[PDB]
Amino acid sequence: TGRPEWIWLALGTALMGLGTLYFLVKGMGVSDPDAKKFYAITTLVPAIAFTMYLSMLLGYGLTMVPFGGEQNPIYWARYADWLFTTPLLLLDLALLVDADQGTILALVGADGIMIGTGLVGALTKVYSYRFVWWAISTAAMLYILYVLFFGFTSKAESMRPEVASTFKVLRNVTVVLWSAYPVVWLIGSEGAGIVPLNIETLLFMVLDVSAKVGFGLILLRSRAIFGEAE
Ligand SMILES: CCCCCCCC/C=C/CCCCCCCC(=O)OC[C@H](O)CO
Ligand SMILES: CCCCCCCC/C=C\CCCCCCCC(=O)OC[C@H](O)CO
Ligand SMILES: CCCCCCCC/C=C\CCCCCCCC(=O)OC[C@H](O)CO
Ligand SMILES: CCCCCCCC/C=C\CCCCCCCC(=O)OC[C@H](O)CO
Ligand SMILES: *C\C=C(C)/C=C/C=C(C)/C=C/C1=C(C)CCCC1(C)C
């Protein structure tokens, strides 16, 4: 392929595909209703990402957006992926702590605003307005991070020890990895253009695989996903 970033899109496609297959074989035979919920949510995440990394590799999920004079290559398929996978990841954390319906709706709604305004900012043609949408999307993300710390952590500390310890590890992983996304976007091709697209694609690939495959490896190997039975 003539695009220098193709090597990272192909590695991303392969790793998401291998991750999906591993979780699929692993979830076979699980009869506990609670564990089936976590396996279903956690296997769909890499399956969706696989299809959208493939679409970028083949060129379907790419568009040209004029801003700053030149034509800029914008991979819109990322936002179709994140629209469906980031809510599912939040659902994994909320069900682990047995969150209430009201708090779950708050997280999913703010997540939808995060991704939706990020997409609008990505396709905006007036350069200075791109950063207005970036700001609003980052405000929605800070609300999500606030709820995970000053809401879920308080309840996790009144549950089973395995639930509290597993949640604390996954909460920490989420806060660090998610926080990197607005930074890469800001200095990358969608924003200031300080980092070239080939390096930007490499960074997102490392973050995406860690946040979906690595996240799932820690969750599905813990005993917190199974109900307390004899
Ligand atoms: C799990 C085990 C795997 C661990 C893997 C962790 C690696 C993460 C990669 C990071 C960024 C790489 C940045 C490389 C930047 C190269 C850009 C460059 O030097 O270009 C020069 C330019 O032409 C003139 O300034
Ligand atoms: C090279 C391989 C490429 C990557 C693979 C192609 C992915 C796209 C195809 C299919 C969906 C397959 C099923 C995905 C849904 C899994 C949900 C699940 O397994 O849930 C378990 C639960 O316990 C049950 O009751
Ligand atoms: C818990 C529920 C799980 C639900 C899981 C649902 C997964 C469907 C996701 C993705 C493939 C992306 C489809 C993107 C559609 C693009 C359509 C299109 O045509 O692009 C616009 C324009 O027309 C182009 O030229
Ligand atoms: C908790 C998560 C926080 C997420 C939100 C954190 C936002 C702060 C980021 C960036 C401003 C960086 C500088 C912007 C000005 C760009 C002009 C410029 O000087 O280029 C960059 C320079 O070469 C090299 O720093
Ligand atoms: C599939 C993996 C994860 C962790 C995806 C995370 C995506 C975000 C946290 C997106 C953040 C954005 C914000 C807050 C502002 C700029 C636009 C983005 C959509 C990249």
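Counting from 1, the numbers follow the sequence of the chain as shown. Just so it is clear, the values below take in all heavy atoms, side chains as well, and ignore hydrogens, waters and symmetry mates. Start at 1 and go down the list; that is how both ligands and their atoms are numbered.
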For ligand 4, which atoms have a heavy atom of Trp134 less than 4.0 angstrom away? 7 (C)
So which heavy atom on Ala35 is nearest to which on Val30, and how close? CB-CG1, 3.5 Å
Does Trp6, at its CH2 atom, have more than 12 non-hydrogen atoms belonging to other residues, nucleotides or ligands within less than 6.0 Å? no
Side-chain (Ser189) to main-chain (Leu197) donor-acceptor, under 3.5 angstrom: no
Assess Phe131 for proximity to ligand 4: is some non-hydrogen atom of it under 4.0 Å away? no
Heavy-atom count around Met64 CE within 6.0 Å, excluding the residue itself: above 12? yes
Closest protein heavy atom to atom 15 (C) of ligand 3, given as residue, atom name and distance to 0.1 Å: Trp76 CH2, 5.0 Å
Work out whether the distance between some heavy atom of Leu88 and some atom of ligand 3 is less than 4.0 Å. yes
How about atom 23 (O) of ligand 3: does it have a protein heavy atom within less than 4.0 Å? no
Once rounded to the nearest 0.5 Å, what's the spacing between atom CG of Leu89 and atom CG of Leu44? 11.0 Å
For atom 6 (C) of ligand 4, find the nearest protein heavy atom and state the residue, atom name and distance (0.1 Å precision). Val183 CG2, 4.4 Å
Quick check on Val30 - does any of its heavy atoms sit under 4.0 Å from an atom of ligand 2? no
Start with the C-alpha gap between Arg171 and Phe149, add the side-chain angles, then the distance that decides, and say whether side chain to side chain contact (heavy atoms under 4.5 Å, CB included) holds. CA-CA 8 Å; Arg171 172 209 65 201; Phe149 279 108; 3.9 Å; yes
Can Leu107 and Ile104 be said to form a side chain to side chain contact (heavy atoms under 4.5 Å, CB included), step by step? CA-CA 5 Å; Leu107 290 172; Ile104 293 165; 5.8 Å; no
Among protein heavy atoms, which sits nearest to atom 18 (C) of ligand 3, and what does the distance come to when rounded to 0.1 Å? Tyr60 OH, 3.7 Å
Please list the nearest protein heavy atom to atom 21 (C) of ligand 4 with its residue and the distance rounded to 0.1 Å. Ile194 CG1, 4.2 Å
Evaluate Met16 against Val213 for side chain to side chain contact (heavy atoms under 4.5 Å, CB included), listing each step before the verdict. CA-CA 7 Å; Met16 293 297 177; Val213 185; 4.2 Å; yes
Return the closest protein heavy atom for atom 16 (C) of ligand 4 as residue, atom name and distance. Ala192 CB, 4.8 Å
Where ligand 2 meets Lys36 - atom numbers and elements under 4.0 angstrom, heavy-atom basis: 22 (C), 23 (O), 25 (O)
Mind checking whether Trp8 and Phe204 have ring centres under 6.0 Å apart? no
Which protein heavy atom lies closest to atom 4 (C) of ligand 4, and at what distance to 0.1 Å? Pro182 CG, 4.0 Å
Any protein heavy atom at under 4.0 Å, with atom 13 (C) of ligand 3 as the reference point? no
I'd like to check which ligand 2 atoms, numbered from 1 as shown, lie under 4.0 Å from a non-hydrogen atom of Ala40. 20 (O)
Protein contact to atom 8 (C) of ligand 3 [nearest heavy atom, distance to 0.1 Å]: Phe84 CE1, 4.2 Å
Test item: side-chain donor near acceptor, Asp92 and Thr42, under 3.5 Å: yes
For atom 11 (C) of ligand 3, what's the nearest protein heavy atom and its distance? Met52 CE, 3.6 Å
Is there a donor-acceptor contact under 3.5 Å linking the side chains of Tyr53 and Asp208? yes
If the cut-off is 4.0 Å to any non-hydrogen atom of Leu186, which atoms of ligand 4 fall inside it? 9 (C), 10 (C), 11 (C)
Within 4.0 Å of some non-hydrogen atom of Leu24, the atoms of ligand 2 are 16 (C), 19 (O)
Nearest non-hydrogen protein atom to atom 5 (C) of ligand 2, with distance, is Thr20 CG2, 4.1 Å
To which protein heavy atom is atom 7 (C) of ligand 3 closest, and what is the distance rounded to 0.1 Å? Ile48 CG1, 4.2 Å
Can you report which non-hydrogen protein atom sits closest to atom 3 (C) of ligand 4, along with the distance? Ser179 O, 4.7 Å
Are any of the protein's heavy atoms under 4.0 angstrom from atom 1 (C) of ligand 3, yes or no? yes
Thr201 versus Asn198, side-chain donor and acceptor atoms under 3.5 Å: no
Is the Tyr79 to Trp76 ring centre distance short of 6.0 Å? no
